[PDB]
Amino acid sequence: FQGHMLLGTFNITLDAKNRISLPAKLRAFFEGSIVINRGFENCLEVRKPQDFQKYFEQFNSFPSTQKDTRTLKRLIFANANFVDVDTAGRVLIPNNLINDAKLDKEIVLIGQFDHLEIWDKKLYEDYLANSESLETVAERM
């Protein structure tokens, strides 16, 4: 479990080469490669290739004849990239994805069990600022 469950919050920073250093314990979870792709609320997601594979299945589920479905698939998959995790367990984040997630210096990683989200410390703090209560949001599920 220690390293098969993506949980918690990690404060790390964007290196001068645009790389990110996975929290060691996490490195376990992944092999030597991952798929980054753009997330919701400007966050960028990170999955083990296999997991990304499944994440996609959930979509074939969605129509396809629906204009919206096509927009989603395009906004996400045309932006997914496949990145190798280097020896030190770092991951080079693509430029477009960097820009998309407004990544500057100081990142926040959070575990979402399945995947990992990469946030710009500020943008994340803001996101948390709005957002109704956990109880409010849950009531609507």
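Heads up: residue numbers just count along the shown sequence, starting at 1.
Which is higher in the entry, the mean Cα B factor of 70-78 or that of 53-61?
Stretch with the higher mean C-alpha B-factor: 53-61.
I need to verify one thing: averaged over C-alpha atoms only, is the B-factor higher for 104-112 or for 37-45?
The deposited B-factors put 104-112 ahead on the C-alpha mean.
Taking the chain's C-alpha temperature factors as the reference, tell me which third residue 14 falls into: lowest, middle or highest.
Tercile = highest for this residue's CA B-factor.
Compared with the other modelled residues in the chain, in which third is the CA B-factor of residue 123?
CA B-factor rank for residue 123: middle third.
Among the modelled residues of this chain, does the Cα B factor of residue 28 put it in the lowest, middle or highest third?
Highest third.
Residue 83's Cα B-factor: lowest, middle or highest third of the chain?
It belongs to the middle third of the chain when residues are ordered by C-alpha B-factor.
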